[PDB]
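Undergrad: Below you will find the structure I want to go over with you.
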């Protein structure tokens, strides 16, 4: 049960999944974030769900869903939490391979905030 | 173009000055494709030789036979070269000779690896419609042999070494798995006597005393080597003093139907009730809480993955679109076999007990054991591939 040393040696072993599991069970939210950002997109999504289930750090959930590439759930959380800066960063990564409905919702948001040039680029995409 | 002696002297100096592209342009101006191919083979420009061999099939043998022989003198590279030559039957024959030699040399782990490679070659050959059914039969045969030799290697090491690296339960499970999996015709180099001796010894140590008596009674029907005889007799006299019961903790539960199954079943590798095949950890040979399932007709494998990834906030198990949507990606494992085989889907019934699959050989493990074995050996213990390879 020596958590801090176990996390250190799991991180050195590059075994991020075990370090994430252990951080979740003990509430080590800051180490969980750094470990998630080093790990696979699936481990980022799982750490994002842990931060959703707590509710305290909903920016870390948006950032991990964004860096995992799940733009739909990242945008939905970013709308629900009113995090304008995170929406702008997510929108900058939306290309023509992204869903037309998400691009339309983002364009309506940029129309409401007077950013017409970005709203046009998303409408074209 | 009339000045052949000066032009050939320029071509030969361009060759001597390691400038084969301009020597080649000069030979091409003179029309000499035979000197061009020799120039590429001698300057070892294999990519340009292969490009000429694709444009002119008559030179393939002249490029690839020297290459395959050089790779064999420096057998794995020889096999890749026989494969690239299109001569799949000779590639299989060379690997079959090497497997037989590995078995004769008691290198059962190398034999297992080569039988897995033979299986993958048979799967690649089975892409031709004219040989599909026969080569699929050989694929299952060689896959089964690879698993038999991978299990038997641990037992052989235990019997020949004065100590065990492996846990008693691992050797018990491997011995049971082998006895369930062995045909009436024992494959070359595998010993039933060694497997039954390890089963009897480990069954005694674990408190399975009816199974230990059964193993000694089966040993009495076999020719016993003189080195084991004293130990087997002493073991037979010792087991008579023990109770006539087996430990309940050893009994294999079927996770599908929750039936407790006998420690040895005459139906090979299946539950006695539901006939579900047991799936075993390729490290420990414990039964894995996995159940194999099948997609409903009209769902593609790409569609099934997309439904499993979109998480909303014998009789086969067949799964519909709405059940695939309710399933977590953590609980489902997918074997992505090459083409004339469909993808195989498996559900973990105990999400807390993390299972991992090798992305290359599709063998299944406890995640902590696989992580440990990969970190120890730098590669998958079954297919010897590093973690850098996500491909089948």
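No value in this document is a laboratory result; all are computed from the given coordinates. Here the Cβ is made from the backbone with ideal geometry for all residues, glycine too, and neighbour counts use every protein chain on show.
Undergrad: At 1.567 mPa s and 4 °C, plugging the Kirkwood radius over alpha-carbon pairs of segment B:29-70 into Stokes-Einstein gives what diffusion coefficient in µm²/s?
TA: 125
Undergrad: Taking Cα centroids, how far is segment B:280-345 from segment A:58-113 in Å?
TA: 31
Undergrad: Here's another thing I want to ask about it. Mind giving me the nanometre distance, one decimal, between the label points for residue B:229 and residue A:116, set 7 Å out from Cα along Cα→Cβ?
TA: Computed distance between label sites residue B:229 and residue A:116 equals 10.2 nm.
Undergrad: Residues of A:38-49, mean number of Cβ from any other protein chain within 10 Å of their own Cβ, rounded to a whole number? Intermediate results must be reported in sequence, preceding the final value.
TA: On the way: counts 0, 0, 0, 0, 3, 0, 0, 2, 2, 0, 0, 1.
Across the residues of A:38-49, the mean count of other-chain Cβ atoms within 10 Å is 1.
Undergrad: A follow-up question, please. Using the Kirkwood radius over C-alpha pairs as Rh, can you work out the diffusion coefficient of segment A:1-59 via Stokes-Einstein at 20 °C, viscosity 1.002 mPa s, in µm² per second? Spell out each step's value before the answer.
TA: Numbers: Rh = 11.3 Å.
Answer, rounded: 190 µm²/s.
Undergrad: State, as an integer percentage, the relative contact order of segment B:134-227 based on alpha-carbon contacts under 8 Å between residues 6 or more apart.
TA: Taking the mean separation of contacting Cα pairs over the length of segment B:134-227, I get 25 percent.
Undergrad: May I pose another question? Considering the convex hull of the alpha carbon atoms of segment B:331-384, report its projected area averaged over all viewing directions, in nm², one decimal.
TA: 3.9
Undergrad: Related question: Taking the Cβ-Cβ separation of residue A:99 and residue B:302 as r and a Förster radius of 30 Å, what is the calculated FRET efficiency to the nearest 0.05?
TA: Values: r = 17 Å, r/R0 = 0.58.
Step by step, r from the Cβ atoms, then E = 0.95.
Undergrad: If you don't mind, there's one more thing I want to ask. Determine the shape class of segment B:66-121: with a ≥ b ≥ c the square roots of the Cα gyration tensor eigenvalues, call it rounded for a/c under 1.5, and otherwise prolate if a/b is greater than b/c, oblate otherwise.
TA: In terms of gyration-tensor shape, prolate.
Undergrad: With springs only between Cα atoms under 10 Å, which of A:112, A:52, A:76 fluctuates most in a Gaussian network model of chain A?
TA: Looking only at A:112, A:52, A:76, the largest GNM fluctuation is found for A:112.
Undergrad: Same structure, new question: Can you bin every Cα-Cα distance in segment B:221-280 into 5 Å intervals starting at zero and give me the percent of pairs per bin, rounded to whole numbers?
TA: 4, 15, 18, 13, 12, 15, 14, 8, 2
Undergrad: In addition: Based only on the alpha carbon positions, what is the Kirkwood hydrodynamic radius of segment B:286-341, in angstrom?
TA: Working: mean 1/r = 0.0794 Å⁻¹.
Computed over Cα pairs of segment B:286-341, the Kirkwood hydrodynamic radius comes out at 12.6 Å.
Undergrad: In units of 2.2 N^0.38 Å, what is the alpha-carbon radius of gyration of segment A:39-125?
TA: In units of the globular-protein estimate, segment A:39-125 measures up at 1.09.
Undergrad: Per residue, what volume in Å³ does the Cα convex hull of segment B:1-105 take up?
TA: Enclosed volume per residue, from the Cα hull, is 96 Å³.
Undergrad: Over segment B:122-241, what lengths in whole Å, largest first, do the semi-axes of the equivalent ellipsoid take, defined as the square roots of 5 times the eigenvalues of the alpha-carbon gyration tensor?
TA: 34, 14, 12
Undergrad: Turning to a different aspect of this structure: Would you compute, from DSSP H runs of 4+ residues alone, the mean residue ellipticity of chain A at 222 nm, taking -39500 (n - 2.57) per run and dividing by the full residue count, rounded to the nearest 500?
TA: -23000 deg cm²/dmol, from helical runs alone.
Undergrad: Percent antiparallel among DSSP beta bridges with both residues in the protein assembly as shown, to the nearest 5? Don't jump to the answer; show the numbers that get you there.
TA: Working: 15 of 18 bridges.
Given both bridge residues lie in the protein assembly as shown, the antiparallel proportion sits at roughly 85 percent.
Undergrad: Another question, if that's okay. Using 5 Å bins from zero, what percent of all Cα-Cα pairs in segment B:1-46 falls into each bin?
TA: In whole percents, the pair-distance histogram is 6, 24, 37, 23, 7, 3, 0.
Undergrad: What area, in nm² and to one decimal, does the C-alpha convex hull of segment B:269-373 cast on average over all directions?
TA: 7.8
Undergrad: Another question about this same structure. In whole Å, what is the distance between the alpha-carbon centres of segment B:212-249 and segment B:1-47?
TA: So the separation of the two Cα centres works out to 77 Å.
Undergrad: Output the peptides B:297-308, B:1-12, B:276-287 sorted from most to least packed, where packing is the average of other Cβ atoms within 10 Å over each peptide's residues.
TA: So the peptides B:297-308, B:1-12, B:276-287, ranked by packing, come out B:276-287, B:297-308, B:1-12.
Undergrad: I need the shape label for segment B:60-157. Rule: rounded when a/c is under 1.5, else prolate if a/b > b/c, else oblate, with a, b, c from the alpha carbon gyration tensor. Before the final figure, lay out the partial values.
TA: Details: a/c = 3.31, a/b = 1.31, b/c = 2.53.
Because a/c hits 1.5 or more and a/b fails to exceed b/c, segment B:60-157 counts as oblate.
Undergrad: How many nm separate the modelled label positions at residue B:76 and residue B:322, each set 7 Å beyond the Cα in the direction of the Cβ?
TA: Output for this residue pair reads 5.1 nm.
Undergrad: Given N residues in the protein assembly as shown, what is its alpha carbon radius of gyration divided by 2.2 N^0.38 Å? List each step's numbers first, then the result.
TA: Numbers: Rg = 30.5 Å, N = 517, 2.2 N^0.38 = 23.6 Å.
Against the compact-globule rule of thumb, the ratio is 1.29.
Undergrad: Would you compute, for the Cα atoms of segment B:137-194, the largest minus smallest coordinate along each principal axis and list the three values in descending order, in whole Å?
TA: Taking max minus min along each principal axis of the Cα atoms, segment B:137-194 gives 38, 18, 15 Å.
Undergrad: Do the sum for chain B: with -39,500 (n - 2.57) for every DSSP H run of n ≥ 4, divided by all residues, what is the mean residue ellipticity at 222 nm, to the nearest 500 deg cm²/dmol?
TA: -17000 deg cm²/dmol
Undergrad: Given that compact globular proteins tend to follow 2.2 N^0.38 Å, what is the ratio of the alpha-carbon Rg of chain B to that value?
TA: Numbers: Rg = 27.9 Å, N = 392, 2.2 N^0.38 = 21.3 Å.
Scaled against compact globular proteins, the figure is 1.31.
Undergrad: I want to check the label-to-label distance for residue A:59 and residue B:136. Put each point 7 Å from Cα in the C-beta direction and report it in nm to one decimal.
TA: Placing both labels 7 Å along Cα→Cβ, they lie 5.7 nm apart.
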